[PDB]
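These notes are about the structure you will find just below.
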Amino acid sequence: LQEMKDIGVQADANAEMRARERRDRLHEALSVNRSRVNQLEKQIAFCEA
């Protein structure tokens, strides 16, 4: 319990599931946005060439 107090994380079960869901959707959104950026950059490079 002391250890628990130490860690200092509420870590509620509902909070846990919600948080993991939101942060994972953030991860995938980030990856997809980066892929879009790469695609547009390659298109621009093709235009220059």
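Note that each Cβ is placed from the backbone with ideal geometry, even for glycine, and that neighbours are counted across all protein chains shown. FYI, it's all coordinate maths here, none of it is from the lab.
Mean residue ellipticity at 222 nm, helices only, the chain: -29500 deg cm²/dmol; runs of at least 4 DSSP H residues each add -39,500 (n - 2.57), and the sum is divided by the number of residues. Rounded to the nearest 10 degrees, the inclination of helix 13-48 to the longest alpha-carbon principal axis of the chain is 10 degrees. Here the chain is treated as a sphere whose radius is the Kirkwood value from Cα pairs; by Stokes-Einstein at 10 °C and 1.306 mPa s it diffuses with a coefficient of 113 µm²/s. Extension gain, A19 to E3, is 3.6 nm, computed as 0.36 nm per intervening residue step minus the present C-alpha separation. A simple spin-label model places pseudo-atoms 7 Å from Cα toward Cβ; at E41 and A11 they are separated by 3.8 nm.
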